[PDB]
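K.L.:
Input: one structure, supplied below.
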Amino acid sequence: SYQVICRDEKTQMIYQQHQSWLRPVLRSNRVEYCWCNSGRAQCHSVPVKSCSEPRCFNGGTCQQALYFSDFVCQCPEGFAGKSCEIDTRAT
């Protein structure tokens, strides 16, 4: 009856009806702005750059789109949290 589509596995985050997220590309250099639309996922390439300040810590790297304010946060290692301030692997 209700409707709630668009989930994510790369970033590991769910998005309900009429939501939006970023899906960085691979070698190209741009990213796509995927805005859910009844399970249609409206993505499209857009130029991007590095955030003004590294919001991701512990090695992560922030990236912000050139025209919108949507930003994605990368953070290897395996810790937790947007800034990766929660480390469970290392003491």
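Letters for chains follow the order of the structure tokens (A, B, ...), residue numbers begin at 1 for each chain, and ligand numbers begin at 1 in the order shown.
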Which residues of range 6-36 of chain A sit at most 12 Å from range 74-88 of chain A, using only C-alpha atoms? Give each one's shortest atom pair and distance in Å (one decimal place), in chain and ascending residue order, as CSV.
P.N.:
```
residue,atom,partner,partner_atom,distance
A:10,CA,A:74,CA,11.0
A:11,CA,A:74,CA,8.9
A:12,CA,A:74,CA,11.9
A:22,CA,A:74,CA,11.6
A:23,CA,A:74,CA,11.5
A:24,CA,A:74,CA,10.1
```
K.L.:
Write out as a Markdown table a residue-level contact list of range 39-67 of chain A versus range 13-21 of chain A with cut-off 12 Å: for each qualifying residue the closest pair of atoms and the distance in Å to one decimal, counting only C-alpha atoms, rows sorted by chain and residue number upward.
P.N.:
```
| residue | atom | partner | partner_atom | distance |
| --- | --- | --- | --- | --- |
| A:39 | CA | A:17 | CA | 8.1 |
| A:40 | CA | A:18 | CA | 10.2 |
| A:41 | CA | A:20 | CA | 8.6 |
| A:42 | CA | A:20 | CA | 8.8 |
| A:43 | CA | A:20 | CA | 9.2 |
| A:44 | CA | A:21 | CA | 11.6 |
| A:64 | CA | A:21 | CA | 11.7 |
| A:65 | CA | A:21 | CA | 11.2 |
```
K.L.:
Write a file of the selected residues as a CSV table (one decimal), in the first residue's frame, keeping N, CA, C and O atoms.
P.N.:
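Saved to again-v1.csv:
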```
chain,number,residue,atom,x,y,z
A,39,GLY,N,11.1,4.7,-7.2
A,39,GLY,CA,12.0,3.5,-7.5
A,39,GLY,C,12.7,3.7,-8.9
A,39,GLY,O,13.1,2.7,-9.5
A,40,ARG,N,12.7,4.9,-9.4
A,40,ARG,CA,13.3,5.1,-10.7
A,40,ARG,C,14.8,5.5,-10.6
A,40,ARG,O,15.6,5.3,-11.4
A,41,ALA,N,15.1,6.1,-9.5
A,41,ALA,CA,16.5,6.6,-9.2
A,41,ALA,C,16.9,7.5,-10.4
A,41,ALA,O,17.3,7.1,-11.4
A,42,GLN,N,16.8,8.8,-10.1
A,42,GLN,CA,17.1,9.8,-11.1
A,42,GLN,C,18.6,10.3,-11.0
A,42,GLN,O,18.9,11.3,-10.3
A,43,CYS,N,19.5,9.6,-11.6
A,43,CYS,CA,20.9,10.0,-11.4
A,43,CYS,C,21.4,10.7,-12.7
A,43,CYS,O,20.8,10.7,-13.7
A,44,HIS,N,22.6,11.3,-12.6
A,44,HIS,CA,23.2,12.0,-13.8
A,44,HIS,C,24.5,12.5,-13.4
A,44,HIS,O,24.7,13.0,-12.3
A,64,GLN,N,32.6,17.2,-2.2
A,64,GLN,CA,31.3,17.9,-2.3
A,64,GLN,C,31.0,18.2,-3.8
A,64,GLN,O,31.9,18.6,-4.5
A,65,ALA,N,29.8,18.2,-4.2
A,65,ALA,CA,29.4,18.5,-5.6
A,65,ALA,C,29.7,20.0,-5.9
A,65,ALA,O,29.7,20.8,-5.0
```
K.L.:
Tell me, which residues of range 11-64 of chain A carry DSSP strand (DSSP E or B), written as number ranges by chain?
P.N.:
A: 14, 20-24, 31-35, 42, 45-46, 48-50, 61-64
K.L.:
Looking at only C-alpha atoms, which of A:62, A:6, A:51, A:26 is the one that sits closest to residue 38 in chain A?
P.N.:
A:6
K.L.:
For the atom pair CA of residue 2 in chain A and CA of residue 70 in chain A, what is the interatomic distance in Å to one decimal place?
P.N.:
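These two atoms are separated by 27.1 Å.
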K.L.:
In Å, rounded to a single decimal, give me how far CA of residue 61 in chain A is from CA of residue 34 in chain A.
P.N.:
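Between CA of residue 34 in chain A and CA of residue 61 in chain A the gap is 20.4 Å.
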K.L.:
Of the candidates A:49, A:89, A:7, A:55, which shows the shortest atom-to-atom distance to residue 36 in chain A, using only C-alpha atoms?
P.N.:
A:7
K.L.:
Work out how far CA of residue 73 in chain A is from CA of residue 30 in chain A, in Å to one decimal.
P.N.:
14.8 Å
